[PDB]
Amino acid sequence: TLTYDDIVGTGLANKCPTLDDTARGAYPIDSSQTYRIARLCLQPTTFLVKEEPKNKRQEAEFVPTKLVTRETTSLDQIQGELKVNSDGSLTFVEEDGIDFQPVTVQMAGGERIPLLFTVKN
Amino acid sequence: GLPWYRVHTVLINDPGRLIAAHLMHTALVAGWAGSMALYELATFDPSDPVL
Ligand code: CLA
Ligand code: CLA
Ligand code: CLA
Ligand code: CLA
Ligand SMILES: CC1=C(/C=C/C(C)=C/C=C/C(C)=C/C=C/C=C(C)/C=C/C=C(C)/C=C/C2=C(C)CCCC2(C)C)C(C)(C)CCC1
Ligand SMILES: CC1=C(/C=C/C(C)=C/C=C/C(C)=C/C=C/C=C(C)/C=C/C=C(C)/C=C/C2=C(C)CCCC2(C)C)C(C)(C)CCC1
Ligand SMILES: CCCCCCCCCCCCO[C@@H]1O[C@H](CO)[C@@H](O[C@H]2O[C@H](CO)[C@@H](O)[C@H](O)[C@H]2O)[C@H](O)[C@H]1O
Ligand SMILES: CCCCCCCS[C@@H]1O[C@H](CO)[C@@H](O)[C@H](O)[C@H]1O
């Protein structure tokens, strides 16, 4: 466990926690109890933007972009109910958290594309 | 004195100033190439090599 001072300025504050190769187990769901996601974190590694060509009949592709707003893109500290359904599916219902980031990326040639990268609600 | 259409004949017996005039010509042509390319880049739409 690193402290703030270990981390400040490294870029690690924008990275989600990882797990070891060894974590290939199974977390039991006991339909008797209630559950929560206490922390959800999402860390974008790629932003693609769909091109808008001059005619349909060309399937438009998603293309790579360049991030210009730095290491400010991650969603985190998100929490909420983890429901157990009749059919044993689970449903996450987001309640709160740092669940959005404005982001600007740039297309080849310079066009800037701001977006509100989010999982709100 | 020299007619207007002969002014550059001063260079015929002056190798150093001939080289200088050549260099200037060369500077003008290379500067043109540079300027031309920038104007083209400032106006070129790269978004459709098809049509
Ligand atoms: C490659 C081009 C070039 C070079 C290297 C030379 C070099 C020379 N000239 Mg020649 N000359 C040129 C082109 C050139 N000239 C042109 C186009 C004209 C017609 C205007 C002349 C008319 C001329 C005269 C009347 C004389 C020379 C003379 C000479 C010598 C002394 C320098 C001088 O007085 O220049 C004078 C010439 C200029 C300063 C050219 C004027 C600049 C023009 C109008 C372009 C403007 C440039 C500007 C930055 C861009 C405008 C953009 C636009 C959108 C408005 C030297 C051998 C002198 C001498 O040695 O005679 C024995 C002399 O009396 N030249
Ligand atoms: C590499 C090519 C080249 C070179 C280095 C020369 C060099 C020379 N020429 Mg020749 N000439 C050429 C090609 C060339 N010429 C061509 C293609 C023609 C047919 C168009 C001629 C027809 C010609 C005549 C009829 C005469 C010369 C003369 C001369 C001498 C004096 C030039 C002068 O003072 O003009 C001074 C010129 C000005 C002050 C202004 C000229 C402005 C022009 C007309 C329009 C604007 C030009 C513009 C800047 C062009 C740049 C574009 C580029 C692509 C050409 C000099 C030795 C003279 C000579 O023999 O003296 C003894 C002479 O009477 N030339
Ligand atoms: C090793 C011997 C040598 C070499 C390598 C050259 C090469 C050259 N000469 Mg020639 N020349 C020579 C011997 C040589 N010359 C001798 C012994 C004489 C009798 C004195 C001449 C008389 C002569 C005349 C009258 C002219 C040339 C010109 C040229 C140039 C024409 C192409 C140009 O401008 O491209 C474009 C240029 C480049 C792409 C840049 C190249 C990098 C440069 C050369 C580095 C500069 C540093 C260097 C230390 C300076 C001395 C260079 C000098 C050896 C050429 C070119 C650089 C013409 C000229 O210079 O036009 C502008 C020209 O008018 N020469
Ligand atoms: C192979 C390629 C080539 C060659 C052989 C030349 C040769 C010449 N150039 Mg250079 N030039 C070139 C490529 C070339 N150019 C390129 C790519 C550029 C960048 C645009 C230039 C830009 C340039 C400038 C700015 C100048 C030259 C000049 C010259 C002349 C210098 C020697 C002289 O005194 O002639 C004496 C002049 C003549 C014999 C008359 C040439 C007439 C041409 C061929 C026809 C154009 C005339 C027409 C009436 C002009 C209308 C233009 C108007 C609408 C604005 C010579 C004829 C200089 C010159 O003309 O100085 C007076 C000059 O100022 N050139
Ligand atoms: C000094 C210096 C520098 C800078 C430089 C520069 C910036 C330059 C520029 C240059 C340029 C920018 C140039 C330009 C040129 C141009 C030209 C030379 C043009 C010409 C034209 C003509 C000749 C035309 C003709 C005509 C007409 C007009 C019409 C139609 C017909 C015809 C085509 C005939 C640096 C920093 C690098 C460093 C070293 C020092
Ligand atoms: C060493 C020194 C110095 C130096 C200086 C110099 C060397 C300068 C240069 C100068 C120069 C040498 C300049 C130039 C000019 C140029 C011009 C004036 C040009 C014009 C052009 C044009 C006008 C163009 C047009 C066009 C074309 C051609 C094509 C494309 C289109 C367009 C239209 C864009 C000083 C003093 C700083 C001081 C310190 C020391
Ligand atoms: C060495 C000498 C000094 C160097 C200066 C000369 C460089 C000139 C050419 C470089 C190419 C860039 O050229 C320039 O690009 C931008 C972005 O596409 C364009 O800019 C234009 O489109 C963009 C859309 O993305 C708008 O944000 C902008 O308000 C508009 O004017 C210009 O119309 C173009 O002229
Ligand atoms: C001599 C230095 C040249 C200065 C270079 C300008 C940046 S490069 C420039 O960038 C624009 C916007 O991204 C592009 O649209 C354009 O196509 C490209 O030429």
# chains A, B, ... in the order shown; residues from 1 in each chain; ligands from 1
$ interface_residues --of "chain B" --to "chain A" --cutoff "10 Å" --atoms "only C-alpha atoms" --output "CSV table (one decimal) with N, CA and C atoms, in the first residue's frame"
chain,number,residue,atom,x,y,z
B,45,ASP,N,-7.9,19.5,-48.1
B,45,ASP,CA,-8.8,18.6,-47.3
B,45,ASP,C,-8.3,17.1,-47.5
B,46,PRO,N,-7.8,16.5,-46.5
B,46,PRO,CA,-7.3,15.2,-46.6
B,46,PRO,C,-8.3,14.1,-46.3
B,47,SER,N,-9.6,14.5,-46.3
B,47,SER,CA,-10.6,13.5,-45.7
B,47,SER,C,-11.2,12.6,-46.7
B,48,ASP,N,-10.9,12.7,-48.0
B,48,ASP,CA,-11.4,11.8,-49.0
B,48,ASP,C,-10.6,11.6,-50.2
B,51,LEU,N,-13.1,10.6,-53.7
B,51,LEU,CA,-13.8,11.6,-54.6
B,51,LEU,C,-13.3,13.1,-54.4
$ residues_near_ligand --ligand "ligand 6" --cutoff "7 Å" --atoms "only C-alpha atoms and all ligand atoms" --output "PyMOL selection string"
chain B and resi 32+35-37+39
$ write_last_selection --atoms "N, CA and C atoms" --output "tab-separated table (two decimals), in the first residue's frame"
chain	number	residue	atom	x	y	z
B	32	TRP	N	10.09	29.60	-52.34
B	32	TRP	CA	8.85	29.30	-53.06
B	32	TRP	C	8.31	27.93	-52.76
B	35	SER	N	6.96	27.91	-49.23
B	35	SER	CA	5.75	28.70	-49.14
B	35	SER	C	4.63	27.99	-49.82
B	36	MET	N	4.93	27.38	-50.97
B	36	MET	CA	3.86	26.75	-51.74
B	36	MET	C	3.30	25.58	-50.97
B	37	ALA	N	4.21	24.80	-50.37
B	37	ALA	CA	3.75	23.63	-49.63
B	37	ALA	C	2.89	24.06	-48.42
B	39	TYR	N	1.02	26.81	-48.02
B	39	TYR	CA	-0.26	27.25	-48.52
B	39	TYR	C	-1.12	26.04	-48.89
$ select_by_dssp --residues "chain A" --states "strand (DSSP E or B)" --output "number ranges by chain"
A: 36-42, 48-50, 62-64, 66-67, 75-84, 90-98, 100-106, 112-118
$ residues_near_ligand --ligand "ligand 4" --cutoff "12 Å" --atoms "only C-alpha atoms and all ligand atoms" --output "number ranges by chain"
B: 4-12, 18, 21-36
$ write_last_selection --atoms "C-alpha atoms" --output "short mmCIF file (atom, residue, chain, number, x, y, z; two decimals), in the first residue's frame"
data_model
loop_
_atom_site.label_atom_id
_atom_site.label_comp_id
_atom_site.auth_asym_id
_atom_site.auth_seq_id
_atom_site.Cartn_x
_atom_site.Cartn_y
_atom_site.Cartn_z
CA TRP B 4 17.57 48.16 -68.14
CA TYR B 5 17.69 44.81 -70.01
CA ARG B 6 21.54 44.50 -69.40
CA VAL B 7 21.79 45.33 -65.69
CA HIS B 8 22.79 41.74 -64.77
CA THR B 9 25.74 41.81 -67.21
CA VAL B 10 27.81 43.33 -64.36
CA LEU B 11 28.22 39.76 -63.17
CA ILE B 12 29.95 38.34 -66.31
CA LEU B 18 27.68 35.60 -59.89
CA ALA B 21 23.25 35.98 -57.49
CA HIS B 22 22.91 32.26 -58.07
CA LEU B 23 22.59 31.63 -54.36
CA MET B 24 19.90 34.31 -54.12
CA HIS B 25 18.03 32.72 -57.05
CA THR B 26 18.34 29.38 -55.30
CA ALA B 27 17.11 30.93 -51.99
CA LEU B 28 14.07 32.33 -53.88
CA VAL B 29 13.17 29.01 -55.49
CA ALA B 30 13.59 26.99 -52.26
CA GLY B 31 11.56 29.65 -50.39
CA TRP B 32 8.85 29.30 -53.06
CA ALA B 33 8.77 25.53 -52.59
CA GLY B 34 8.43 25.98 -48.86
CA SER B 35 5.75 28.70 -49.14
CA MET B 36 3.86 26.75 -51.74
#
$ residues_near_ligand --ligand "ligand 7" --cutoff "6 Å" --atoms "only C-alpha atoms and all ligand atoms" --output "PyMOL selection string"
(chain A and resi 110-111) or (chain B and resi 38-39+41-43)
$ atom_distance --atom1 "CA of residue 65 in chain A" --atom2 "CA of residue 46 in chain A"
7.9 Å
$ select_by_dssp --residues "chain A" --states "helix (DSSP H, G or I)" --output "PDB file with C-alpha atoms, in the first residue's frame"
ATOM      1  CA  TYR A   4      -0.506   9.811  -1.492  1.00  0.00           C
ATOM      2  CA  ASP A   5       3.108  11.026  -1.488  1.00  0.00           C
ATOM      3  CA  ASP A   6       4.253   7.812  -3.167  1.00  0.00           C
ATOM      4  CA  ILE A   7       1.663   8.385  -5.905  1.00  0.00           C
ATOM      5  CA  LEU A  12      -0.932   6.089 -10.985  1.00  0.00           C
ATOM      6  CA  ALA A  13      -3.917   8.022  -9.508  1.00  0.00           C
ATOM      7  CA  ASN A  14      -5.645   7.644 -12.893  1.00  0.00           C
TER       8      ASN A  14
END
$ atom_distance --atom1 "atom 39 (C, counted along the ligand's line) of ligand 1" --atom2 "CA of residue 17 in chain B"
15.1 Å
$ atom_distance --atom1 "CA of residue 22 in chain A" --atom2 "CA of residue 40 in chain A"
20.7 Å
$ residues_around --residues "residue 11 in chain A" --least-positions-apart "5" --cutoff "12 Å" --atoms "only C-alpha atoms" --output "number ranges by chain"
A: 4, 6, 16, 70-74
$ write_last_selection --atoms "N, CA and C atoms" --output "mmCIF file, in the first residue's frame"
data_model
loop_
_atom_site.group_PDB
_atom_site.id
_atom_site.type_symbol
_atom_site.label_atom_id
_atom_site.label_comp_id
_atom_site.auth_asym_id
_atom_site.auth_seq_id
_atom_site.Cartn_x
_atom_site.Cartn_y
_atom_site.Cartn_z
ATOM 1 N N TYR A 4 -0.471 8.667 -0.529
ATOM 2 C CA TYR A 4 -0.506 9.811 -1.492
ATOM 3 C C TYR A 4 0.843 10.275 -2.018
ATOM 4 N N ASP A 6 3.692 8.794 -2.229
ATOM 5 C CA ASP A 6 4.253 7.812 -3.167
ATOM 6 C C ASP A 6 3.691 7.977 -4.573
ATOM 7 N N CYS A 16 -6.831 2.127 -12.584
ATOM 8 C CA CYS A 16 -7.628 1.295 -11.701
ATOM 9 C C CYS A 16 -6.781 0.205 -10.995
ATOM 10 N N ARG A 70 -4.896 14.731 -20.978
ATOM 11 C CA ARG A 70 -3.965 14.107 -19.968
ATOM 12 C C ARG A 70 -4.674 13.040 -19.134
ATOM 13 N N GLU A 71 -4.098 12.696 -17.975
ATOM 14 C CA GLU A 71 -4.528 11.542 -17.196
ATOM 15 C C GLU A 71 -5.660 11.918 -16.246
ATOM 16 N N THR A 72 -6.804 12.270 -16.843
ATOM 17 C CA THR A 72 -7.905 12.854 -16.122
ATOM 18 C C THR A 72 -9.191 12.090 -16.536
ATOM 19 N N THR A 73 -9.036 10.904 -17.101
ATOM 20 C CA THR A 73 -10.105 10.256 -17.864
ATOM 21 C C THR A 73 -10.878 9.133 -17.093
ATOM 22 N N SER A 74 -10.362 8.706 -15.950
ATOM 23 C CA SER A 74 -10.909 7.502 -15.264
ATOM 24 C C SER A 74 -12.138 7.775 -14.407
#
$ residues_around --residues "range 28-30 of chain A" --least-positions-apart "4" --cutoff "9 Å" --atoms "only C-alpha atoms" --output "mmCIF file with N, CA and C atoms, in the first residue's frame"
data_model
loop_
_atom_site.group_PDB
_atom_site.id
_atom_site.type_symbol
_atom_site.label_atom_id
_atom_site.label_comp_id
_atom_site.auth_asym_id
_atom_site.auth_seq_id
_atom_site.Cartn_x
_atom_site.Cartn_y
_atom_site.Cartn_z
ATOM 1 N N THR A 34 -28.206 -9.593 0.769
ATOM 2 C CA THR A 34 -28.133 -8.460 -0.130
ATOM 3 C C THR A 34 -26.654 -8.099 -0.367
ATOM 4 N N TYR A 35 -26.365 -7.604 -1.571
ATOM 5 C CA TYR A 35 -25.009 -7.260 -2.010
ATOM 6 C C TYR A 35 -24.879 -5.823 -2.520
ATOM 7 N N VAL A 84 -29.841 -9.514 -6.723
ATOM 8 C CA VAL A 84 -29.949 -10.903 -7.199
ATOM 9 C C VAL A 84 -31.362 -11.138 -7.723
ATOM 10 N N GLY A 88 -31.463 -15.692 -11.076
ATOM 11 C CA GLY A 88 -30.068 -15.747 -10.610
ATOM 12 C C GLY A 88 -29.080 -14.862 -11.383
#
$ decode --residues "range 40-62 of chain A" --atoms "N, CA, C and O atoms" --output "mmCIF file, in the first residue's frame"
data_model
loop_
_atom_site.group_PDB
_atom_site.id
_atom_site.type_symbol
_atom_site.label_atom_id
_atom_site.label_comp_id
_atom_site.auth_asym_id
_atom_site.auth_seq_id
_atom_site.Cartn_x
_atom_site.Cartn_y
_atom_site.Cartn_z
ATOM 1 N N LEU A 40 -16.501 0.628 -7.940
ATOM 2 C CA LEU A 40 -16.276 0.337 -9.345
ATOM 3 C C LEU A 40 -15.351 1.412 -9.939
ATOM 4 O O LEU A 40 -15.549 2.616 -9.664
ATOM 5 N N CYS A 41 -14.376 0.952 -10.735
ATOM 6 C CA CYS A 41 -13.378 1.805 -11.389
ATOM 7 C C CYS A 41 -13.276 1.429 -12.844
ATOM 8 O O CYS A 41 -13.221 0.233 -13.196
ATOM 9 N N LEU A 42 -13.247 2.452 -13.708
ATOM 10 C CA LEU A 42 -13.114 2.244 -15.122
ATOM 11 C C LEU A 42 -12.030 3.152 -15.674
ATOM 12 O O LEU A 42 -12.079 4.373 -15.496
ATOM 13 N N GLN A 43 -11.083 2.539 -16.371
ATOM 14 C CA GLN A 43 -9.916 3.238 -16.843
ATOM 15 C C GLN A 43 -9.819 3.015 -18.331
ATOM 16 O O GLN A 43 -9.502 1.888 -18.764
ATOM 17 N N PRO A 44 -10.111 4.066 -19.139
ATOM 18 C CA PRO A 44 -10.040 3.978 -20.610
ATOM 19 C C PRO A 44 -8.602 3.883 -21.112
ATOM 20 O O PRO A 44 -7.742 4.632 -20.634
ATOM 21 N N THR A 45 -8.334 2.954 -22.028
ATOM 22 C CA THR A 45 -7.026 2.806 -22.619
ATOM 23 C C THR A 45 -7.112 3.223 -24.080
ATOM 24 O O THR A 45 -6.107 3.519 -24.698
ATOM 25 N N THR A 46 -8.324 3.277 -24.637
ATOM 26 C CA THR A 46 -8.504 3.666 -26.034
ATOM 27 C C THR A 46 -9.817 4.382 -26.233
ATOM 28 O O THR A 46 -10.844 3.872 -25.800
ATOM 29 N N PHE A 47 -9.770 5.533 -26.925
ATOM 30 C CA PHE A 47 -10.956 6.235 -27.429
ATOM 31 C C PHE A 47 -11.009 6.098 -28.952
ATOM 32 O O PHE A 47 -10.075 6.509 -29.650
ATOM 33 N N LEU A 48 -12.072 5.483 -29.483
ATOM 34 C CA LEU A 48 -12.239 5.443 -30.936
ATOM 35 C C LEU A 48 -13.433 6.324 -31.297
ATOM 36 O O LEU A 48 -14.386 6.391 -30.549
ATOM 37 N N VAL A 49 -13.384 6.960 -32.453
ATOM 38 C CA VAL A 49 -14.477 7.845 -32.917
ATOM 39 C C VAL A 49 -14.881 7.365 -34.298
ATOM 40 O O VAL A 49 -14.019 7.081 -35.144
ATOM 41 N N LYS A 50 -16.184 7.268 -34.532
ATOM 42 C CA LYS A 50 -16.646 6.763 -35.821
ATOM 43 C C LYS A 50 -16.572 7.904 -36.826
ATOM 44 O O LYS A 50 -17.042 9.024 -36.555
ATOM 45 N N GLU A 51 -15.961 7.607 -37.968
ATOM 46 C CA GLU A 51 -15.781 8.604 -39.012
ATOM 47 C C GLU A 51 -17.124 8.892 -39.642
ATOM 48 O O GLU A 51 -18.015 8.054 -39.622
ATOM 49 N N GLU A 52 -17.282 10.059 -40.221
ATOM 50 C CA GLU A 52 -18.538 10.299 -40.886
ATOM 51 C C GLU A 52 -18.284 10.549 -42.353
ATOM 52 O O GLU A 52 -17.994 11.672 -42.727
ATOM 53 N N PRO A 53 -18.355 9.485 -43.184
ATOM 54 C CA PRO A 53 -18.031 9.596 -44.611
ATOM 55 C C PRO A 53 -19.145 10.305 -45.406
ATOM 56 O O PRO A 53 -20.248 10.457 -44.895
ATOM 57 N N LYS A 54 -18.835 10.744 -46.630
ATOM 58 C CA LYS A 54 -19.753 11.562 -47.448
ATOM 59 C C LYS A 54 -20.930 10.772 -48.031
ATOM 60 O O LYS A 54 -21.955 11.368 -48.369
ATOM 61 N N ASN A 55 -20.788 9.453 -48.164
ATOM 62 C CA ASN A 55 -21.956 8.602 -48.466
ATOM 63 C C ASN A 55 -22.140 7.308 -47.647
ATOM 64 O O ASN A 55 -21.176 6.551 -47.410
ATOM 65 N N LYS A 56 -23.392 7.075 -47.234
ATOM 66 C CA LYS A 56 -23.857 5.769 -46.780
ATOM 67 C C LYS A 56 -23.466 4.748 -47.849
ATOM 68 O O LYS A 56 -23.070 5.121 -48.954
ATOM 69 N N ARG A 57 -23.566 3.463 -47.530
ATOM 70 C CA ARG A 57 -23.082 2.397 -48.431
ATOM 71 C C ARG A 57 -21.590 2.170 -48.228
ATOM 72 O O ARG A 57 -21.081 1.095 -48.536
ATOM 73 N N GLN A 58 -20.895 3.194 -47.735
ATOM 74 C CA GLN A 58 -19.623 2.992 -47.057
ATOM 75 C C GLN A 58 -19.999 2.788 -45.591
ATOM 76 O O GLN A 58 -20.594 3.684 -44.970
ATOM 77 N N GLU A 59 -19.712 1.598 -45.061
ATOM 78 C CA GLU A 59 -19.761 1.383 -43.622
ATOM 79 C C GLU A 59 -18.647 2.235 -42.986
ATOM 80 O O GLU A 59 -17.474 2.100 -43.334
ATOM 81 N N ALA A 60 -19.031 3.140 -42.092
ATOM 82 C CA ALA A 60 -18.087 4.056 -41.446
ATOM 83 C C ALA A 60 -17.384 3.337 -40.303
ATOM 84 O O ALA A 60 -18.037 2.648 -39.532
ATOM 85 N N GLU A 61 -16.067 3.508 -40.177
ATOM 86 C CA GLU A 61 -15.304 2.752 -39.171
ATOM 87 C C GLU A 61 -14.993 3.655 -37.988
ATOM 88 O O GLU A 61 -14.938 4.885 -38.100
ATOM 89 N N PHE A 62 -14.775 3.012 -36.859
ATOM 90 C CA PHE A 62 -14.234 3.662 -35.700
ATOM 91 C C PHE A 62 -12.725 3.746 -35.864
ATOM 92 O O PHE A 62 -12.061 2.733 -36.139
#
